[PDB]
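Colleague: sequence, then the experimental structure. Questions to follow.
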Amino acid sequence: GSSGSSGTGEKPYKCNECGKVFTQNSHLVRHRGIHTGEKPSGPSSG
Ligand SMILES: [Zn+2]
């Protein structure tokens, strides 16, 4: 049984596929390119 205390400072723009942030939204979108049409396996809980 572990506790939270996991995660320090999280940007308002993060990826759900792998888990990455960006200084801007535009950038984030570009990244998704690696996921788009690339073994897209969405999570179960959200
Ligand atoms: Zn990603």
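Modeller: Yes, it's here. Numbers count the residues shown, from 1 in each chain.
Colleague: skipping adjacent residues, who's closest to residue 24 in space?
Modeller: Spatial nearest neighbour of residue 24, chain neighbours left out: residue 13 (7.3 Å); criterion: Cβ to Cβ, 6 or more residues apart in numbering. (C-beta placed from N, C-alpha, C; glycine too.)
Colleague: so who does that neighbour touch?
Modeller: 21-22, 24-25, 28 (Cβ atoms under 8 Å, 6 or more residues apart in numbering).
Colleague: give me the number of residues near residue 25?
Modeller: Other residues near residue 25 number 10, with proximity taken as other Cβ atoms under 10 Å.
Colleague: and it, what are its phi and psi?
Modeller: phi -70, psi -50 (degrees, to the nearest 10).
Colleague: can you tell me how far it is from the ion?
Modeller: From residue 25 across to the ion, the span is 14 Å (Cβ to the ion, to the nearest Å).
Colleague: return the residues in contact with that residue.
Modeller: residue 13.
Colleague: mind redoing it with 10 Å?
Modeller: By Cβ atoms under 10 Å, 6 or more residues apart in numbering, the contact list for residue 25 reads 12-13.
Colleague: and the gap between it and residue 4?
Modeller: Per Cβ to Cβ, to the nearest Å, residue 25 is found 28 Å from residue 4.
Colleague: up against the ion, what does this structure have?
Modeller: Residues of the chain lying near the ion by Cβ under 5 Å from the ion: 15, 17-18.
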